[PDB]
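Taking the form deposited in one PDB entry, here's one chain by itself in structure tokens.
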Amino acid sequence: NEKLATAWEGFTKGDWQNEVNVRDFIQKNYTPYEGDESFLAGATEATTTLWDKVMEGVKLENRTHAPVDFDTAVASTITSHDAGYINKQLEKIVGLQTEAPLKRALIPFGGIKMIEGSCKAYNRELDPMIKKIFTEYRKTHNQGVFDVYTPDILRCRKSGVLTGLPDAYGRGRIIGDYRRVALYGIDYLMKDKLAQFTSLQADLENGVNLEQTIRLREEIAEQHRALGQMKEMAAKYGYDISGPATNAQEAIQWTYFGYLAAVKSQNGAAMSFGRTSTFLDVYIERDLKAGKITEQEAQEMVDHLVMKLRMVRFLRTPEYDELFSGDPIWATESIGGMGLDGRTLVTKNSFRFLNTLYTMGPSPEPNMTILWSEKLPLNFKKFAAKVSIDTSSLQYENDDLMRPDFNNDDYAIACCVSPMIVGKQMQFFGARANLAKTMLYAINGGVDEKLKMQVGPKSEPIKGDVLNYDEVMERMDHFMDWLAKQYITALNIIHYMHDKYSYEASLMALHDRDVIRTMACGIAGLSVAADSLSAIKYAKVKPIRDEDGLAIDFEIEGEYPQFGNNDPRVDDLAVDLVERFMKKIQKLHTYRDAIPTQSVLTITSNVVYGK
């Protein structure tokens, strides 16, 4: 139409011009780079003054072991907060979660009891109103879940067999395609969602999957709505993103706004930023080959961009705060990799992103993992190696396994869960089922002796001396049957509720209509379970019981292979264990039919050429 023309200028025509197909875009006109870091540009006085200003707050957090500041009366949404800056006139890319830098907000939808816990712990008071609103009017995810939980699930939760269950707040391991905002503009994305909404009208009237169709429709309505609040939010910062980004600054700013909306409305742990570097590099490259921008100017926008990314915070409590234990924010950016066609996806921008670890120093948070492949440009390989040595801040993943695995070169990383083709997959974060604890309970009739609690079904402890691997596994297998039911039942409830009371509209609005859902399951204490199993069949494992007969400790006469030592008879037990569980799980009904998956253990065949 009107806008498209002005801003699409120079871009090699392709499907991405007809349907939301970011992937085709990038592939159609991005510039693979084999050069080296020489072209790089250093920091800026603005960038440095800004970073130092922020650093103040960080130092304050470390020293305090608490948030700089957080709301106690405002319920965050995409548009609840006014614009907020570190230094208006100094920022090239703008946008914060609240009005003040590092000031954490209240995102009540996940659960109110958590917010109370935060207020309590960091010694402040929750505005009685906010509590009333999310107790009597708007039910929270947390509350909804616990209303449906079974006594047994609660019981498993207490013992630890099931752990890390996202039932108190954001489940989030969702990667919305934020590049869309930039590449298409809100208006185009909103019209698209209307076509999606309308495409469901036949099924609705025909009664084909009635209730699921009604749900998908309401969800899309909310997506639409969210996209609209996105413009409102951006507007508060003097920007109108209704149309597609024109220059490299808007491209970056748009993409970030899409993410800012996510970070203002949801509080999940692994809301990856996605695969952006290369995408944005087509906008930067363009403005360079035209004289509109300067390489140092570019670097500066990137520096301000990741700077914000370093600033995203979430109000937690001591336990869950990234400080003590607590999973960190996982704004992950996947870099480089190779396209299915063989060309590398490494771009100038790739170097630019890594460069931020120099310009603004080393930082873990804008968690940048490299999509490593044996065929990445050497200069790039070397640089990463250099950067890693100097900042020890980069992460890596084998692109040579994933690319061919998904048969897609546009996937992104999401922490502690399988990768996802951006905008095409939705992954329900399951937590972890502890197979180590499961094994012990199996041995002890379902009881947790170090707690004197009957967790699983009542059965007889393993009698006799010197544990017999065959018997132990027989017991362990029947117990894994039970555990599979508890675990999947929990996840079924958790995600039904999270979809109802905390639908990630702003992010789902940046996914296709029908996304592939999977129940990302996880396992805890696998190595410990494998070792214990090993010892049982390669040594004299004399159980050491007590008054009641419960295995309290274990004597091992002999030697056995340990986990992490590439020895098959253990790595085999580990593998066996995993598949046994997943096989058990996969026989059960899962909410919305998301297929159970796992990423704790991957198996494969790879040819290594020597000489």
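Note that the rigid core is defined as the largest set of C-alphas that superpose within 1.5 Å between two forms. Position 1 is the first residue in the sequence shown; the rest follow in order.
Only in words, not in the display: the form deposited in another entry, which the text now covers.
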Rigid core superposition between the shown form and the other one: residue from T489, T246, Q425, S418 with Cα shift of 2 Å or more: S418
Cα displacement of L323 between the shown form and the other one reaching 2 Å, rigid core superposed: yes
Rigid core superposed: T6 CA moves 2 Å or more between the shown form and the other one: no
Cα-Cα trend for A412 and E322, given that in the other form the distance shifts by 3 Å or more: farther
Cα separation of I523 and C416 in the other form versus here, shift of 3 Å or more: farther
